[PDB]
Structures are given as structure tokens and as C-alpha cells.
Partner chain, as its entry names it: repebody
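Just one chain follows, in the form solved without its partner chain, and it is written as C-alpha cells.
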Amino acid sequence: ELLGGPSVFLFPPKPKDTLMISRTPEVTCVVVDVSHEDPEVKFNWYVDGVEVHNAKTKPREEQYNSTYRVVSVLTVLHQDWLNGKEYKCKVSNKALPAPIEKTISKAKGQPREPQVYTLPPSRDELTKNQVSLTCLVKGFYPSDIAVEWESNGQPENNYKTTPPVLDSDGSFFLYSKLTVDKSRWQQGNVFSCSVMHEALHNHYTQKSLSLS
């Protein structure tokens, strides 16, 4: 266990940032419960035992509850993260006996490509004035995934996705439900389910769905 002193939280990069080369994934180290008395806080970033630099470390901000909060951000290499390099933050301070260290890394395990299926609304649903378009994403690993819906360029917004669910074979699956007006579905609009995942060719696949 532990006593008082500052606390540290290590946050991974967002999954979408690790898949798109145009984006920049970041690892983030937050230090809280930093007293006004000794307010010097030092960060040391290790990528598999490798002291790194070029970590944009931000000036301290005074919190409401009277403490100080200090965050350091380390831009990360897509391939390095995706290959399973472990990242590590060490923080040192006068109020600390020993410096604190945390480590994160991509979930271990053999990646597995997801299958994407579009399911049209059921017959009995076609009666209400809103209908439900389903997107089944199954058989993928790890659980880090992004799912979106699209129509004629503009992204669709009245959609909800379930969290990943552990399937029986050790893989995950999820569902995405897009609610549209019945007219739009009957008029013949084409809606699309885009999925981003590291086990996908080009980290991206798109499945379309329209009134047959």
C-alpha cells in the first residue's frame, strides 16, 4: 500500500490516433496532489529502458481543491505502439521517498481481423417512423476499435455503439445501431459502416447498406 504524496496516472493514446498516419498518438502522464510547498516535479520517460525527450511538459495549474496538477505528454510512434513497445513514466519530487513509475502498452495477444456485416431493419420495425440499421463487427482482437456511420459524405450522428463483448473464442464483438427516419430508408439512401482496427488491411474497412 502507500501513504500520502502525489499520485500518477498514465493514459494511453486514443485508438483512432494509432491507426491513421495523419493523426499523432500521444501517451499522457498526469500528476495530482502536488503541494504548494515543494512544487518541483520532474518527469523521466522510458520507452523500453530508453530515456526519451521531446516530451511537451506543461506548466503546473492550480486546481480548485487547492492542489497542483502537472501533465507531461510524449508523442509516440504508431508502429512502436502497435508492435507492443512498453512506455513508462517516472516522476520525482521532494515529497516522495522514491520516484513513482507506471507502465502502459498495447494489450498483448495475437491480432485478429474483424468481420463487418450490415443488417437492414426487420420487417416488423418497418411501421414505426424511425428504423434501425445494424452493423455487426465480430471476431476481432484486441478490443481497441473505432466505428462510424456515413451517408453521402456527411457523417451520420443518431447512432450508438455497444462496448466490445468477449466472444466465446476469445475474440470480441460489438454492434452499432443507427436510427434513421423511415422515409430516408425507403427513398434509397446508402448508409455506410466504417471500421478502424489494426488487424484490418490499411486499418480500415467500409461496408454499405441500402434498401434492396
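We call the rigid core the largest set of C-alpha positions that still match within 1.5 Å between the two forms. Numbering follows the first chain given and starts at 1.
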Select between 22-30 and 179-187 the stretch whose C-alpha atoms have the higher average B-factor in the entry.
179-187
Looking at the deposited entry, does 137-145 or 123-131 carry the larger mean Cα B-factor?
123-131
Go through 92, 75, 115, 118 one by one and give the residue whose Cα B-factor in the PDB entry is largest.
92
Check where residue 161 lands among this chain's C-alpha B-factors and tell me if it's the lowest, middle or highest third.
lowest
Ranked against its chain, the third holding the CA B-factor of residue 82
lowest
B-factor third for the C-alpha atom of residue 172 within its chain:
lowest
Thinking about Cα B factors across the chain, which third does residue 206 belong to?
lowest
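There is another form of the same protein, the form deposited with its partner chain bound; it is not shown, and what comes next is about it.
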Hey, in the deposited complex, is residue 75 touching its partner chain, heavy atoms inside 4.5 Å?
yes
Residue contact check: residue 40 to its partner chain in the deposited complex, 4.5 Å heavy atom
no
Should residue 59 be classed as touching its partner chain in the deposited complex when contacts are defined as heavy atoms within 4.5 Å?
no
With the cut-off set at 4.5 Å between non-hydrogen atoms, does residue 101 touch its partner chain in the deposited complex?
no
Counting only non-hydrogen atoms and a 4.5 Å cut-off, give the residues of 62-95 close to its partner chain in the deposited complex.
75, 77, 78, 79, 80, 83, 84, 85, 86
Rigid core fitted, then: does residue 165 show a CA shift of 2 angstroms or greater between this form and the one not shown?
yes
Threshold 2 Å Cα movement between this form and the one not shown for residue 125, core superposed:
yes
Establish whether a shift of 2 Å or more occurs at the C-alpha of residue 70 between this form and the one not shown, with the two forms superposed on the rigid core.
no
